[PDB]
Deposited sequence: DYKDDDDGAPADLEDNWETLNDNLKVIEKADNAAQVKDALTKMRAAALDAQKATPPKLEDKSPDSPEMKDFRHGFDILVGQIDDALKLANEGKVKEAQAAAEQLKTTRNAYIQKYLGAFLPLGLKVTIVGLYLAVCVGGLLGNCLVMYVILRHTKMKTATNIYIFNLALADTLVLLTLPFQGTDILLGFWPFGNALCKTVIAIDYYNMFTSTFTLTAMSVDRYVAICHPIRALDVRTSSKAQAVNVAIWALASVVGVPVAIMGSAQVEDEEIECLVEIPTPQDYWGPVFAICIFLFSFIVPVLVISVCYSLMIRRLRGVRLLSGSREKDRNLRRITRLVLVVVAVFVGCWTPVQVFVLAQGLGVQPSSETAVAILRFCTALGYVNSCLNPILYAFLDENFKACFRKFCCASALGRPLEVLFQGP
């Protein structure tokens, strides 16, 4: 369980993340859409990111009420919606980041149309649907111990399907996506050795370098925010359950950290992207 002070602290953090995150993300989407022609492929992917982040941020009020009350009072439909938005958020985020890194390597190695990027976004959501619809069906509000909870139900026997879904989710929603990114940036590093002012026009080269560092930083913040949760949930699938109060606290705060990422992303755009930093003020 959790003390009420820790609960009010967590849910307060959720409120701040929700307001600032929705404001910033809606501002980013509004920028790329109705304030300019910033429709570069990178910004199309960024738009996808801000979209998923928007959706999960909407779930935070309900997760917070749930954390306060200790149970899920909204029924099945909102529970399925929340779970689906959750998995959709993870998979869409990692896949979009992967597409961003691949696009970066395409630009560095082969010196990309916004519409192609939009098609990539469609495919990203398609795979994210391959995972996201099943959990939306299996997700349910179950009175496990005479109390209502919101979870995905592992098929019987749970001691087998638990690990299968655990390691599969861990690999294909995190490790394999992260690994492709690592490959892309490693190939880019090998490419740029002994190359000064190469790849065409010096000024545009600078621009490319700025975008590359932006993508890398966003990826680094994402991974750094979600790695504890990914590891802990992997341990959860193996049956390793937290029974201490402080254990529950650490776990809750790690999830909170991931949602902090969900509000973190526009700030990174404001400090690391010139067009966003200028456009934010105007």
Completion exercise
Unmodelled spans of the deposited chain sequence come out as 1-118, 230-235, 407-424
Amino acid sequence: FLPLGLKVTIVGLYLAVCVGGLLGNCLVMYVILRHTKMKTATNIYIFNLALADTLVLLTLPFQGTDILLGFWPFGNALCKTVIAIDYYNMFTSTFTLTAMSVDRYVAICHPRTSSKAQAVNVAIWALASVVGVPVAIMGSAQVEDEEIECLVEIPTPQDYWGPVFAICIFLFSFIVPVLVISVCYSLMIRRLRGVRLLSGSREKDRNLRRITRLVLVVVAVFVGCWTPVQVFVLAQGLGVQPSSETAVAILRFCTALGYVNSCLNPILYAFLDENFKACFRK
From here on, numbers count along this sequence of modelled residues.
Exercise for the section: Output the stretch having the higher mean C-alpha B factor in the entry; the candidates are 31-39 and 62-70. Expected result: 31-39
Problem - Of 223-231 and 243-251, the one with larger mean CA B-factor - result: 243-251
Completion exercise
Based on the PDB entry, the highest CA temperature factor among the options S93, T212, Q142, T81 is that of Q142
Completion exercise
One of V106, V133, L179, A126 has the largest Cα B-factor in the entry, namely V106
Completion exercise
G75: CA temperature factor from the record, placed by chain third, in the middle
Problem - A119, C-alpha B-factor rank within chain (lowest, middle or highest third) - result: middle
Exercise for the section: Please rank the C-alpha B-factors of the chain's modelled residues and tell me whether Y14 sits in the lowest, middle or highest third. Expected result: lowest
Fill in the blank from the handout: Chain thirds by Cα B factor, record data; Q158 belongs to the middle
Completion exercise
In terms of its chain's C-alpha B-factors, the third that includes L187 is the middle
